[PDB]
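Alright, two takes on the same chain below, each alone as structure tokens: structure 1 and structure 2.
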Structure 1
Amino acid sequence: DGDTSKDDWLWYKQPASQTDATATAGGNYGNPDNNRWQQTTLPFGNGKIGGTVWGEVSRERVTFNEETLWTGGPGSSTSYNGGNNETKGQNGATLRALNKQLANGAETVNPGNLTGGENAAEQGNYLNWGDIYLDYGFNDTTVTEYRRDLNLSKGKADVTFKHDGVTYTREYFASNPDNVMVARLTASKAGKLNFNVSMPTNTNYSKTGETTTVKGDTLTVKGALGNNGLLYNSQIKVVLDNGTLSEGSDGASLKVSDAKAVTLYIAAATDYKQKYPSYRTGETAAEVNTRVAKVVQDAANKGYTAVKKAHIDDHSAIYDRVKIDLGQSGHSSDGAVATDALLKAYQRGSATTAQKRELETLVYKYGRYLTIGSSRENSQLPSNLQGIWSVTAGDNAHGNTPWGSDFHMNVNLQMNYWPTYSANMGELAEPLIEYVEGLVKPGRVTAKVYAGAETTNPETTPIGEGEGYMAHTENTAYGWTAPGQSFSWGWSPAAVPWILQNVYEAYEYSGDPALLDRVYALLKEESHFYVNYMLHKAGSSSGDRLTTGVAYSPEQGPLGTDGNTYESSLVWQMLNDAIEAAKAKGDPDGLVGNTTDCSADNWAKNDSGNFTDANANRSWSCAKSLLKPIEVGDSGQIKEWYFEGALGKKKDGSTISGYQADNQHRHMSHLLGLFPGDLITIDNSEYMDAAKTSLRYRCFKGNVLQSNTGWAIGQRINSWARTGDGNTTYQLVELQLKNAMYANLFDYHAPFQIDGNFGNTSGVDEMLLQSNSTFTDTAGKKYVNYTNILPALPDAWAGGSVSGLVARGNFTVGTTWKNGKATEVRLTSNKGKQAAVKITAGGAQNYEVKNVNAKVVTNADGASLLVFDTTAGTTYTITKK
């Protein structure tokens, strides 16, 4: 390992079984062992397989996952159709009738028939694969010199202790380049390494024809999921250093005896494929077997040293892109404390400043680490509710695993990909882009059933050229794009618009023309879908505007209103982004249009759902201009519903049915225009005071800050950051670390939900750098996606530095500050785009740039930007005059 004193570690002086697991367990974790798993174990992965290390003395345990072990989908029934219910949808007639009731003046309608997804065996869920047990068979677990750690920098978990005079060590990592999990096990005296290795599958999912067999140095477990026939195969190849290897007496394990060091190569795979409609590779069980055996064989052929080197090089190339120094201590500090002890001191308010900055920076860093472990460029699937890490397993949705550890697209999956670009991991978004592309074919079925949008030739019609694809909140590995069996969580077609922000951002941050074309195709077809099938002139309940028709605001208030701020803000952003994408391509399709002869009356349709006037302006620019997503209510708040009066009330003073009466609703579905969107910004700030008001009510009772789920706090951190109020933002960071982090630094809802880990990383980035807003100088000139240095810097962080953050337009950003003001900015232009740099903590007019002909422009607020041409590859240093 060499010098690891500068590496980032989570570290513990005792095994998981002796680590504090006393925080709220949450749903599905009533079993003490499962609860211990989520609070205390340490995760690693290669985007595809993953482990969670217990670090037990005698019976060591690594809980094992592979990303595609999903029940549900084709083969789970003889009629799997993505959950779509034709009798419910009626080819769009059910929705059309409901929207007509709204347009005619209803405030609410009963959307109870807009459901699908009734068979929980078809929906399925993500499964814990099983565990690897390394049973040392010690007579007692008495040890000294015990440490377990996770080295975030090298992308490995370590265990060491001394037992009866002998030092045992363990090291675990999962290589992306060699697609293999590695366990390096050592004893300090020859002959003293003795253990049994087995890999039991989780006992709670049904199985068909599973066998566990040993041939030579290799243990193989293989079967088919009883729920859907999915083939699975895992293998452990045990390579003794140049000791004894025997078949375990149970015939289901391997026995290493009288050894000193061994390397285990672990691989696993299924025959899953993200390929509609079959979702299989077509391999036979023998083929998957051969494939998996070759993985471990190729790895062994390369050998431990070379595999480990290629892994650390691969991991660290991404992990080391970003450095942050807020004055933290670390594991090699005098008086360094273990991570569980750090957490406890932080929660009790006894942590020193250096210790507070250690936990804060470790949590930040862990969100980046966790992206690398769960979401690689070659992962078949994006990160799910738990990344890739789980201990729970059952056959059916809404079963033994909370929310199926699924792809949840009414905030959670989005939050997973909030830090991915700004924290310099842009390539790791690729599985999300492919996933969303993967929704187009099944979602055209949903679009046709529920909105009457039928794409002909749905198999050969390219993305961008269809009539629309529709998906809702709960999604899976298998194009489960139907609405849920209950509307009040299940129906949410704006999920697609919203996840298309995360996708569009891949181009916004890179300027890559291959991405431009991919994101343009998606936006074009989803915009067409909404303009042609979803939008209508509102009824009297929602005033004068286009709305999206029957809607629910996740996840509170009335069912089936005439649009809402959530859906309008989202559709506005989508049309915004679609227009930007079209412009960048020279508008080849002529879809941008204009606001000429533009009216909500342009959307009039006949009884059969076709536009009355074929020639009327329904262009993207027109539609966008008619949404008017934002209104301020009687309490000075952003309204969540257009019939809103005061906060939580209707115009006539009556409460809004189902509004969460304390004001602490976890979702803030009506503030998406502030974060992640570009609708309410520090520049376009007509509604910033109302946004802040709304935020205060959502987080505070008087002057007392309220707690919430980890993800709800993660959204609040990001939203406060966009306001510029760095002090309040930081109160939320602190609240998250005190109330929503287990001892292993897993974010919790409860239970463990990874969303809030990625929300934390994003929220910190947004404190130090923003790049989403548009500046308008006093001459009227526009600077779109300008680089905003230290926009929400808390007084708690008076000095520090960060390097390697990414701004839209593709600029890498480093900044150092002291006494609350930037002392240096380093701006690397990766694409040659003109720079426009605001310095919120210091004022850009007070700085000069070197490599430079930089002009200062000012807005009516008195805010200044530095503006200068750049060359791709060049870094510009900005310092105070």
Structure 2
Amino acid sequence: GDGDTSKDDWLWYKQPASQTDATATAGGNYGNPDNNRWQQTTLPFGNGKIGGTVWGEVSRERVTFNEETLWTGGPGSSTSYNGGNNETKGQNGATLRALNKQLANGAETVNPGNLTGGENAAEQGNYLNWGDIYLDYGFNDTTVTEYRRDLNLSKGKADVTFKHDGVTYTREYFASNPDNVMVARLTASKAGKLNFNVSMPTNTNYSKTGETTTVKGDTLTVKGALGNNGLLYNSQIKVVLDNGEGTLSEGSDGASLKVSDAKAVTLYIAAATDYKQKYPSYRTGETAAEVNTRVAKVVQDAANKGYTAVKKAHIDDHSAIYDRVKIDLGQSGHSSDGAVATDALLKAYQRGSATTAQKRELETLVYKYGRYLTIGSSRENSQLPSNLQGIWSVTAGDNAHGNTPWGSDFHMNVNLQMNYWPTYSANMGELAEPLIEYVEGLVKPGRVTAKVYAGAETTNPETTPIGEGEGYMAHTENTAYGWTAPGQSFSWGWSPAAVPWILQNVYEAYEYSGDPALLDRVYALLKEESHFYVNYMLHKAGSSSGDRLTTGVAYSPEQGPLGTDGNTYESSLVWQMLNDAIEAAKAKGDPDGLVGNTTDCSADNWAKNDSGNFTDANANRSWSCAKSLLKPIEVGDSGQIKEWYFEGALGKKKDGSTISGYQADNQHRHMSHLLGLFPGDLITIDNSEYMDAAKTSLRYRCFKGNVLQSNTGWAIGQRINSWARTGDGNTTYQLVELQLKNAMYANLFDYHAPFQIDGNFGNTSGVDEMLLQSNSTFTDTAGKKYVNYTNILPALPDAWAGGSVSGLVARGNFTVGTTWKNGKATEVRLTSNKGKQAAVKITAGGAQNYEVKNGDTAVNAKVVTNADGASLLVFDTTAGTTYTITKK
């Protein structure tokens, strides 16, 4: 039994998916109404590896099915797979070198069009919908009463119930991480009334070799190999009748199992491929028989444990993570008097008829869903991080840019980053593990790309540890198979700062934990990528970009000239990487002596000969020196953050002429030059000069006249987080409102359109950043610095006058709870998990007005103040202790 579910968080609906509103914009690849219905109406669950999306149909029930490693492309997709790298284009770095020389000699722009790769869509591949589980009850009439379908976010399961011709039928679905198995629990209220056919057809749109569907005893097996690349796949459904009551027989089609005259059944569903994240073969080495044996043991082991035990272990595991964070903004819920279904709730929110409690319900549900979706798509033992769709998809085809939008891939120039923005602050740090492994997984294939396009060759690349090579390069479109080449067209295909950027998400695993094992891993990654940038990528700018190091030829997605002499986007990212790398080094005592200093530090130190080697072997090219020479931020003549170093007024060059390709209405969708504001620490509340300029930049991008503009997907996700960092909670909240009104389907999937999970994760992160920030550095008037200080309620919306949150995490590894009333903090609970010095700003109240206690015991806390009158409480902590901060 479920017991008391009154306090659980539910998405819920009074009708099946087929009857649920799917009228929002469908987007590319969703012209088929059935596929569009899937993305707008079905309810997801997963264990980080396998996933389902539940339709809740009355008679022909459907659970769309996924496994995270079902990927076309990679080795075996051609006779020459090499991660997309094109030697003729790269010329071992010569192409890039010559373009940079043109810029260094004074060109304002160049044509970087030859910097491409990745031409074969069959080699690139994409993520596939595996297929579907169908449970066909064979009802003559679909007419029912007492229908409900729900997703219980608290217990990590989907439910369906209805009454048909006097009989109540129930369904429950979950995917257990501990037991690595999907469970469907099916009941009828009257004995003999549970009758259904179970099948598991693979998606009919990808090519296959040697697929069979067979029944033996209580188990249905579908197995074969992908036609595109020979990847082996195997799924099994084991049907277990309660008390042996009922009859189990082979379906008349020979491709299904028939349950007759039963009352209750448990289905155990498992699936696997022979994928392995192992360069260059990307296979386990198992035979089809071995995969089959492995999957069979999963379902048998689960059945042996039994439904009650498997369910208990699942709910314990799921809730252990899910229940870490609680948030109370005054929301209604499914147990409230006059509770409204989630689709009805969304509609009311859109129409402006939702009550305050209902608005808070939708806002907190969407927030919580981002956490839920992390648990479902990204577990410690996932083989791959969440992709553009987490793990959930209905579309499939063999080739990239085919039947599935953007291949449901790893899009590493904002999207994958966004997937891992709430992971730490929302107390799910362990769930970043597959991202860390993925980025480690880019090193071997990326060393090939680094050699081809930048001339950075690692000798003995197989045995040279991460950190000790010459560099690894990867771009926007990535896959399960080390597709680290740039894409076929420069504008969208080339973006080597994607690696620096994703390294930010990786380094945050250390920032938020203080875990020395993570420190070693992130340091190794940062060491080699910093080596790569310092030695191969950076150059002294030509006259168009002033006196600084830049990253050479660069595009600012997705406006302006194709190739300028660096830009704010790339310089902000490289600056942040070197900053993180220096911090990682310092935390280890700089054993490699790479931090250096700014003594005899000049962009002239980067001088190279015709072959691309430094002419001065002994010049200072240390991380500190390189970082100091980027000068990534310049405020322009419109008080804006410059996007290009040749910029004067907004969208203009210093001579007043047009920046060709700049979107003249100032409302370009990308804000690539603001990554230093979010996620970075280049532009923070502690630097008014830069922050005022960033706010000006944001206003031009986000407003048409005086009206704040809606956006969708990654763009709205980015804007929410960016505005949160400014401290303007009202504008930030207004963007959350716009996301909910204009970028959420009935099942609360974020849309671009089509469905893109990035914005779901971006929402959760954005709410976190409104309530807690921990990325900035405070400087008191005596000059003392407090790095990564805990900032309570930095961008609290006036719309949320009172509330509480518990279980957020701040950098330095502090768990944070806060309660507020009339727009001001009444309590902060700060749990020090690692014993680091506490430094606490209370934006909504002023920390100087508060005092710190350990239970009843007064804690010595110094008040420090900066030049603008902002204060911190500074105090020692001990790991394991919670400190309570209240008004004096």
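Rigid core: the largest C-alpha set superposing within 1.5 Å between the two forms. Residues are numbered by position in structure 1's sequence, first residue being 1.
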Check: Core aligned, which of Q380, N194, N179, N663 has the Cα that shifts 2 angstroms or more between the two structures?
Finding: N663
Note to self: Aligned on the rigid core, do the two forms place the Cα of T460 2 Å or more apart, comparing between the two structures?
What the structure shows: no
Next item on the list: Using a superposition on the rigid core, decide whether the Cα position of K649 changes by 2 angstroms or more between the two structures.
Entry: yes
Note to self: Can you give me the Cα shift for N830 between the two structures? Core-superposed, in angstrom, one decimal please.
What the structure shows: 0.2
Next item on the list: May I ask for the C-alpha shift of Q556 between the two structures, in Å, based on superposition of the rigid core?
Entry: 2.0
Next item on the list: Report, to one decimal in Å, how far the Cα of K639 moves between the two structures once the rigid core is superposed.
Entry: 1.0
